[PDB]
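Shown next as structure tokens: one chain only, the form deposited in one PDB entry.
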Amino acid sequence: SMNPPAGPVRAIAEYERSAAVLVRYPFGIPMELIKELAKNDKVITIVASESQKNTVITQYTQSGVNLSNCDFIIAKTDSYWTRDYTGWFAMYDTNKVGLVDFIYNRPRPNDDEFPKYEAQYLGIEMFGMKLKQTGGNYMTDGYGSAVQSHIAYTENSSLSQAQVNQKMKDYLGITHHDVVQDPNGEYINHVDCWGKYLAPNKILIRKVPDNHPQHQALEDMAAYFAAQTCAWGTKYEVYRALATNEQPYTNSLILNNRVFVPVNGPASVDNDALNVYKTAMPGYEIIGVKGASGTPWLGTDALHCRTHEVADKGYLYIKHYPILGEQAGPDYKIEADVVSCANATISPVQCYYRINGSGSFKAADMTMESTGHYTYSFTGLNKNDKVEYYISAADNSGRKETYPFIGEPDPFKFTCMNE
């Protein structure tokens, strides 16, 4: 149809559950990456024909790829930049997952048309957002914020900024459309070359040497996010990836509990970048990925550019705003909504918690107050007690999710003040 999705709408972040990752043949990524992806996750390869599918299967077989995780879509494409032209994922109508198409900002008509084939393959509805856009220049936090470089306005110059913002609201549920002047001084003007939400409360911002012409622009961008309150109510934790030689360290893919970071030398500088991700993202497996010789990583074009995560059409979605830091009390009540996009019965919904840092986390059932709305109150806590917690839900489709996504390795933390 030509109508927007039935509300409310919520754009899905890259660090939410992914059912698959989308790549394209002829390839722009190394076979070793496809192999590593397929070890744990479904890889959907776009090919132009049944014969081309079989050519790819032969290559996957010869390279030892886990074929049980290899799926295919037959559709014409112009390029391997699946980040930039494939559809964007949003929840809509309470418990549905949909795809949002847009006008691809390149003269690549098969790439531009592709989202319809993606939606057909996935068995989900598609909605047409009439803005000139590109996925590389888009990221959302999963709480209604999105960051883009200035081309989101300048390539839609027949519309006012308000009209552009309204399109993002109507099709993606974006209420905070954070469009900024690109700090990189290069042609592409994509956020994924300088910035990446790692979680709702964490953002990675590129850093360069002091004498690099973009040094101050990037420091200013880091300061901007550090001063900004995030969706959870704390200031963003701002992490920095130092590019000594224009290495594309922010151009990584978060796929479930793994992070794939392009590396292109020197080894020590690559390892420093990987260390930043490891520090920022406890519990995640951080994986450095060397480029393919024929289609190497570039400063403006690397791993994030040549992949796109695919949301779970049956997503078990946990909506939660955490209790953090010094809390007054005397009640410490957490609330979460849990929705099954699989239309499955949800049970159990639990709070896992630990008090004052020792022993194992303990499970307590949350109380369902109304349909899909769960609460839990921490009892018996004394002044200055430290609480770690996370939420866990399961349904009878076999889905199991925590909030935060990674669960126990990175729990929410608060302190009981009793004041």
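Heads up, when I say rigid core I mean the largest set of C-alphas that superpose within 1.5 Å between the two forms. We number the residues from 1 along the sequence you see.
Missing here is the form deposited in another entry; even so, the following discussion is about that form.
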Taking the rigid core as reference, which of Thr86, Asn184, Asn137, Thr307 is displaced at the C-alpha by at least 2 Å between this form and the one not shown? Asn184
Is the C-alpha displacement of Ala328 equal to or greater than 2 Å between this form and the one not shown once the rigid core has been superposed? yes
Compared with this form, is the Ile323-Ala328 Cα separation smaller or larger in the other entry, the difference being 3 Å or more? closer
Any idea whether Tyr187 and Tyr153 get closer or farther by CA distance in the other entry, knowing it moves 3 angstroms or more? closer
